[PDB]
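This document opens with one chain alone, in structure tokens, the form deposited in one PDB entry.
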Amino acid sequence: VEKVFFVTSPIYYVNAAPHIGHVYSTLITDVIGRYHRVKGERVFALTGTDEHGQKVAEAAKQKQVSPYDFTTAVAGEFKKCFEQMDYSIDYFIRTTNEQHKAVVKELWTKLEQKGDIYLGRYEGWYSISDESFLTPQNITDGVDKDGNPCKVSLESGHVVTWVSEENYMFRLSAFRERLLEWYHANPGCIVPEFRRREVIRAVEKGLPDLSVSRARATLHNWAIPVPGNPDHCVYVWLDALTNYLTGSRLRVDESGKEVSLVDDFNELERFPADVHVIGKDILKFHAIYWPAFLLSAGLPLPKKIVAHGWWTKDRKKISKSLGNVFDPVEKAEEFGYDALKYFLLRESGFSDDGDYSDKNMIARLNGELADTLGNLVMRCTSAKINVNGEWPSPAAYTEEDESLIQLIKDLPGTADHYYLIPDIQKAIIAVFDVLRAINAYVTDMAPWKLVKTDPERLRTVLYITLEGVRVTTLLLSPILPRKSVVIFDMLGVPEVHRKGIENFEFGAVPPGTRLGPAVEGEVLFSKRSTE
């Protein structure tokens, strides 16, 4: 099934400025997209902002501005931040978009015509901050911002309020069996595995019907009207999840501006998502509600949902109100963009809540990027070792030579599998296991002595090293997109050989290829003092 590989991030609430969590989710989306482009596939990578709802409306009122001006301004902050982060995202969607609204109304009407929406009541707890309905088992006692006793979410700790409203209800209870059948038929469809198990357990227990509208006053009229009923607004989450469908149907011009909404998703060959990237906090929406809506509407289901953890800094919660900020742009200016991306993707897996510190950041940058990767690139390109400034023609390979070559040949298949799970941390570790092996081979062969002692042997050692650096760098190119270009330039790898599965093969760059010119004193990753 040849198709556009479709990868998404969440669309973020615009109640406040963008921060590490948004940057991280979008980074993961970006990396997955980049890897599939490197394989020569068609890719559409989507990110954006979730701009309706009571949460956003009350954030605007607290700043005392119009919701239109507020959402526009904060959406602009997200766009600027992502531009600065140097992603390769194909479209940035906003739920205030008029074509998105049309797709939401269309989907609603399909659900209704299917018989899965009825007029009922919700009486229960709601978290405005999570826009989430909660049972009494999912709240506990806590304190409000005036210090008074209130109820709070056990999941998020935000304040909950009791809602009692005549609402349109979606028959979620009727999809239990079909959802379980979907999880069991596709046991890789939620990653990591323990989060898949959580979803299955939750759905096993039973599902209540879900409120998919609210009275218009509650939302301060900042939402999409229910087709045929002006007194109701569409649940912000049904509106929000629909962004994935809208995005799959938007034709986008060179400037990244939407110019047309197509009638049917098949026309652009994107829907359904191959990967939805999300945080663990929004798993039920994506793994339970979304597939149920899609089943009701007769739409195909996503292939994989990958849910990551939440970051801390110096083992404490990241917060402006407390004394612990973590600004990605600032840290990227300090340590480098590719380096910061590397750290975020290497330091933690999707099953973990990662922790940043300047100490650990510096140790990875010095140890892995400078001492392992950078040092190797400089060694095989130096005029002192590579006297002719080119890829030599290798002579006969020893067993030691071949053992390293085997690792280099095996690497693409292994990295590929990890990128597809996806488990980016493991992909990175696999590549760096090969970089460490190449370094120990270089140390063991001492090519600097071979220049005088055995130039023929040096040709072999040097060729293996160059090719190892090239293959590893290609597989890291989604992680270090700017630095990989610098590496390929230093190596003189022609543009055509910088992507495509043909170039996963050992030996793709021929002997006699000239290295790129040298710039005096210009290192790849400069080591930084440990403060």
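Take the two forms, find the largest set of C-alpha atoms that superpose within 1.5 Å, and that set is the rigid core. Counting begins at 1, following the sequence as shown.
There is another form of this protein, the form deposited in another entry, and it is not shown here; the text below is about that form.
- Superposing the two forms on their core leaves just one of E390, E267, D281, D352 with a Cα displacement of at least 2 Å between this form and the one not shown, namely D352.
- Put the two forms on the same core and the Cα of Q84 is off by less than 2 Å between this form and the one not shown.
- After superposing the rigid core, the Cα of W311 is displaced by 2 Å or more between this form and the one not shown.
- If you compare C-alpha positions, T312 and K304 are 3 angstroms or more closer together in that other deposited form than in the form on display.
- Whereas the displayed form keeps them at a certain spacing, the CA atoms of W311 and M361 lie at least 3 angstroms farther apart in that other deposited form.
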